[PDB]
Amino acid sequence: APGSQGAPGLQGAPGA
Amino acid sequence: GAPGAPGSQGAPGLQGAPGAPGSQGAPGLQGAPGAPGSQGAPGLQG
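Listed below in structure tokens is the structure:
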């Protein structure tokens, strides 16, 4: 898993 | 006694070389990965 840093998901996104 | 061997000679040995450490090895291991594209989340609600 390590390597995919930054925003591999929504993160800041409260939702969609 | 003129018989003798002042010029027997040859080419013994012929050393190849002392060292030559490395023509070329591993190109590399890439590194920081990448899934080319933007894995964004849905925009504002809607």
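In the order they appear, the protein sequences are chains I and D.
Per the deposited numbering, the very first residue in the first sequence carries number 242; after that it's consecutive.
Per the deposited numbering, the very first residue in the second sequence carries number 193; after that it's consecutive.
Cβ atoms here follow ideal geometry from the backbone N, Cα and C, with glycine treated the same way.
Check, Outcome
"What separation, rounded to the nearest whole angstrom, lies between the Cα atoms of residue 234 of chain D and residue 249 of chain I?", "13 Å"
"Along the segment 211-227 of chain D, what residues have a CB closer than 7 Å to any CB found in chain I?", "224, 225"
"Is the shortest distance between the beta-carbon of residue 233 of chain D and the beta-carbons of chain I less than 8 Å?", "yes"
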